[PDB]
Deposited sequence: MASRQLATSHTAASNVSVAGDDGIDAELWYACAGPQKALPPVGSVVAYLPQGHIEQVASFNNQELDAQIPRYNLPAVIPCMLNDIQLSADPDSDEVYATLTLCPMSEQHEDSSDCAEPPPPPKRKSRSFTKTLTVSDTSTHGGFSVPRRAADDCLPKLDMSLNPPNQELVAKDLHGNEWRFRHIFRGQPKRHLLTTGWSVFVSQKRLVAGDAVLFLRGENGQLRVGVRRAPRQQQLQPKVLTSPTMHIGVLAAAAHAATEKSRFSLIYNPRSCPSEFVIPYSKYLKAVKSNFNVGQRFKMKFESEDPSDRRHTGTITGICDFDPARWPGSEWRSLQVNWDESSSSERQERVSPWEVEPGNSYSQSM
């Protein structure tokens, strides 16, 4: 069940492609992630790759999640999320659990008692256990978390604006995680050169290479199912078409995102204007007509 926790801490719509399936590796997207004179490398804009391995992991102190993926080029369970408020982080009080959250995720309280209460034990990404006291009190009544909250906010160093996740599997085990609100080993040019050179060798030799996916630090996925890439490139978009991605927008143009470095590429090849003002260049597979 921890694997389902990892995707929760990552994001609701991450959906990593399944190991052993063909995927489209898009180097320009890999470059955008590790960006959150130089040797130029002649390299294809999409590299169809076999997904050889996925390793999910998390940094214990930072609690951030990342995955190691191994590529070789070729020839639903109940949960809830809440963004933390001031009273949740502040020393006084506890944690206000949303009403919909307690009925669908947390185990159902025995309302015969007064106040209804249970000792909740939850596991985080690294196997630790956290004992929260889940109570039903106040006027008007509300679901709170008291005993373990003060300890939990202090060791995981949460502040307001972050968010906590709770995830119950069909198993008895309850799982908890946190998602924090949004250059120390190599310089940017060296990181740049590294990505493209590993990819260039891997593409020419048809040999294994590896990369790290940071779903939180990733503006858009750069390892997507190869069939999803092919369907969007086959489908013809035209200016003025109506698409969704739920936000709605209109396609204002279709050209290359970078004709100098990455010519002929479908990466962010669509120019769109957003209907509601609340990035104007997106890729074909992200939008749906």
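A.B. asks: Need the unmodelled segments of the deposited chain, numbered from 1, in order.
C.D. replies: The deposited sequence has unmodelled segments at 1-23, 60-67, 107-124, 232-237, 301-310, 344-347, 359-366.
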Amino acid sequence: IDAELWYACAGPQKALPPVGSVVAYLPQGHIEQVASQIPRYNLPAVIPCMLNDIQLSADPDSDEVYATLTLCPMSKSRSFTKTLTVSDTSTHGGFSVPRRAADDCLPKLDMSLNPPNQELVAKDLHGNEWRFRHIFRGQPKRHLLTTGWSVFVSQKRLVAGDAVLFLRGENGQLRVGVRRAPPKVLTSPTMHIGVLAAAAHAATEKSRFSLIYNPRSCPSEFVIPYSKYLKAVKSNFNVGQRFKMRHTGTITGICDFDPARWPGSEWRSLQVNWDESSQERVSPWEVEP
From here on, numbers count along this sequence of modelled residues.
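A.B. asks: Using only the Cα atoms and their B-factors as the entry lists them, report which of 22-30 and 219-227 averages higher.
C.D. replies: The stretch with the larger mean CA B-factor is 219-227.
A.B. asks: Would 262-270 or 10-18 have the larger average of its C-alpha temperature factors, as given in the entry?
C.D. replies: Looking at the recorded C-alpha B-factors, 10-18 comes out higher on average.
A.B. asks: With respect to the C-alpha temperature factors reported in the PDB entry, which of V46, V65, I54, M245 ranks highest?
C.D. replies: Among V46, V65, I54, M245, the PDB entry lists the largest C-alpha B-factor for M245.
A.B. asks: By the entry's C-alpha temperature factors, tell me which of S210, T81, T190, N171 sits highest.
C.D. replies: It is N171.
A.B. asks: Taking the chain's C-alpha temperature factors as the reference, tell me which third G93 falls into: lowest, middle or highest.
C.D. replies: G93: CA B-factor falls in the middle third of its chain.
A.B. asks: In terms of the CA temperature factor given in the entry, to which third of its chain does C255 belong: lowest, middle or highest?
C.D. replies: Answer is highest: the recorded C-alpha B-factor places it there.
A.B. asks: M74: which third of its chain by C-alpha temperature factor?
C.D. replies: Ranked within chain, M74 CA B lands in the middle tercile.
A.B. asks: Can you tell me which third, lowest, middle or highest, the CA B-factor of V287 falls into for its chain?
C.D. replies: Tercile = middle for this residue's CA B-factor.
A.B. asks: Relative to the other modelled residues in the chain, which third contains the C-alpha temperature factor of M111: lowest, middle or highest?
C.D. replies: Highest third - that is where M111 ends up once the chain's C-alpha B-factors are sorted.
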